[PDB]
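Enquirer: Build me a model from this:
(one chain, ligands or ions: 3)
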Amino acid sequence: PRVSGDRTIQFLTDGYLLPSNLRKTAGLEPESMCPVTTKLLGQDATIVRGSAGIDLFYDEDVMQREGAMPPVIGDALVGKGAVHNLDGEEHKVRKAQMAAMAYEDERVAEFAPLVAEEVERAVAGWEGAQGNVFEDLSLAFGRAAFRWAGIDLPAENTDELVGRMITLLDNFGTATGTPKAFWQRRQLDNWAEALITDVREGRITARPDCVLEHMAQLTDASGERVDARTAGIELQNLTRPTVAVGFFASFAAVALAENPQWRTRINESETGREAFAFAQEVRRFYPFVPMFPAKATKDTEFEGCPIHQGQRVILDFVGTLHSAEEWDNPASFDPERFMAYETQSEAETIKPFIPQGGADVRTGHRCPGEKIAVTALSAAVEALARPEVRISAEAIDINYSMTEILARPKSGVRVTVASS
Ligand code: HEM
Ligand SMILES: CCCCCCCCCCCCCCCC(=O)O
Ligand SMILES: [Cl-]
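Expert: Residues are numbered from 1 along each chain as shown. Ligands and ions are numbered 1, 2, ... in the order given. Right below this line is the structure:
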């Protein structure tokens, strides 16, 4: 199944609709698990979804990541030289040092009280006032992330830097926004490089064993220290993605307005299980990652389709999270599908549940921040569900576009907290 012509522009105009549009244009039936091949940026690109597509995408014998992401996205979103671009042993060594910070249960347990504290502070600012879920909880997450990482700055400096990360996250994916994203990337990179260099030269003392200290000590596979700008880029890769949970927190507010019986179950629970399952179904249901790219390292073959060395393989995330072959009633928002699960570690066993990637965190490229993200999103869900929180139901607060990346309600979701 091919679609003719170069569809680079159609990737921009369709956003999250691109993979299902191309499958339709190729003549596949709805719910087909057949690959579809198009041309993107001058080369073939084969879009796959579902469990067999996950296995291909994460097979590092045949897939590499270097060069797979277009730099206009990647250089702005993750920075040059980031772990996302690395392959083989250099990737393994870099990923081990970053997963040691984000994915270890002891460090996640350090983050939990910080994000609960910052979320409660944001929600307190809504009392009798006009709040914004996306802007205010993204800022709360960023404040928690900076304190968690040991980035110790005056309050106004932290807020300004988190503000830059929000502006970057809110703009990297459109033609109008990309110069704004690249400007923020340069300022943030300059800031993080100077902070890393300050720690390495003794001008700033990091808390022992904190994330900032471990990023200043970042080394490569030969044993040499990674240059200071790249280490600052990796420090951002352990704080900016936490700010980005604000997108999921916006959707969670929409979902609580739309599911009042689940909201009641959360408010009446003492276990946290409903809020956890609700947070997971927000990540399953709502669009965040549209798709993700890799490049073939050698000629191979997937379900009768030839894969040429150098071409892209694109894992369709929306189509995997919404596949009728992988999920019962995938168009239904239904937290019951996660109610039997207790932790994010247990949720990893669900093979098509890949909102932040698939396969294994330490041996592959899968996101090492899912425990952090579910912790932050769960804290948001619990606070948003409380009955004094009044979530606006107007069309600009509740609806969101599927043709723009990243997606969120246009208003950010307006909220207020009832006060006497
Ligand atoms: C806001 C929710 C988040 C989403 C939707 C998200 C999504 C993703 C995705 C799709 C990937 C790529 C997986 C792959 O290459 O196969 C990724 C990688 C990564 N994420 Fe996340 N992420 C989130 C939160 C976080 C958090 C909280 C952290 C850490 C604090 C984090 C750090 C990373 C890192 C370091 C990588 C690169 C891993 C690698 O290439 O080996 N992310 N993320
Ligand atoms: C022409 C487009 C091809 C593929 C485009 C993929 C867009 C990727 C966007 C999501 C990347 C995951 C990182 C999210 C969290 C963060 O880095 O702050
Ligand atoms: Cl299911």
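Enquirer: The stretch 201-350 of the chain: helices as residue ranges?
Expert: For the stretch 201-350 of the chain, helices defined by DSSP state H, counting those that start in this stretch occupy the ranges 211-216, 228-236, 240-243, 245-258, 260-268, 273-285, 317-321, 344-347.
Enquirer: now do the stretch 51-200 of the chain
Expert: When secondary structure is read from DSSP H, counting those that start in this stretch, the stretch 51-200 of the chain shows helices at 71-77, 88-102, 105-124, 133-149, 155-169, 178-201.
Enquirer: Now for the residue in the stretch 101-250 of the chain positioned nearest to ligand 1, how many residues are close by?
Expert: The minimum distance from the stretch 101-250 of the chain to ligand 1, using C-beta to the nearest ligand atom, falls at residue 241 (3.0 Å). All C-beta spots, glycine's among them, are computed from the backbone N, C-alpha and C. Taking other C-beta atoms under 10 Å as the neighbour definition, residue 241 ends up with a count of 22.
Enquirer: For it, give me its contacts.
Expert: Residues counted as contacts of residue 241 (C-beta atoms under 8 Å, 6 or more residues apart in numbering) are 367, 369, 372-373.
Enquirer: on that earlier part again, just so I know, which of the helices of the stretch 51-200 of the chain lies nearest ligand 3?
Expert: Set against ligand 3 and scored by C-beta to the ion, the helices of the stretch 51-200 of the chain come closest in helix 105-124, at 25.9 Å.
Enquirer: which of the helices of the stretch 51-200 of the chain is buried the deepest?
Expert: Among the helices of the stretch 51-200 of the chain, helix 133-149 has the highest mean neighbour count (mean count of other C-beta atoms under 10 Å), at a mean of 26.
Enquirer: how far does that helix sit from the chain's center?
Expert: Remark: helix 133-149 is offset 15 Å from the chain centroid, using C-alpha atoms, centre = their mean, to the nearest Å.
Enquirer: Any residue of that helix touching ligand 1?
Expert: No - for helix 133-149 and ligand 1, the contact criterion (C-beta under 6 Å from any ligand atom) is not met; the two come no nearer than 7.0 Å.
Enquirer: relative orientation of that helix and helix 228-236 in degrees?
Expert: Using axes from the mean of the first three to the mean of the last three C-alpha atoms, to 10 degrees, the direction of helix 133-149 lies 120 degrees away from that of helix 228-236.
Enquirer: for helix 133-149, packing partners?
Expert: For helix 133-149, the contact count by 3 or more C-beta pairs under 8 Å, 6 or more residues apart in numbering; DSSP states H and E identifies helix 105-124, helix 155-169, helix 211-216, helix 240-243, helix 245-258, helix 370-385 as packing neighbours.
Enquirer: got those helices as JSON lines, with distance to residue 356 columns?
Expert: Compiled in JSON lines, these are given as follows (distance: least, C-beta to C-beta, whole Å):
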{"stretch": "helix 105-124", "distance to residue 356": "14"}
{"stretch": "helix 155-169", "distance to residue 356": "15"}
{"stretch": "helix 211-216", "distance to residue 356": "19"}
{"stretch": "helix 240-243", "distance to residue 356": "9"}
{"stretch": "helix 245-258", "distance to residue 356": "10"}
{"stretch": "helix 370-385", "distance to residue 356": "5"}
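Enquirer: Who wins on neighbours among the contacts of residue 241?
Expert: Neighbour tally across these (other C-beta under 10 Å): the maximum, 27 neighbours, falls on residue 372.
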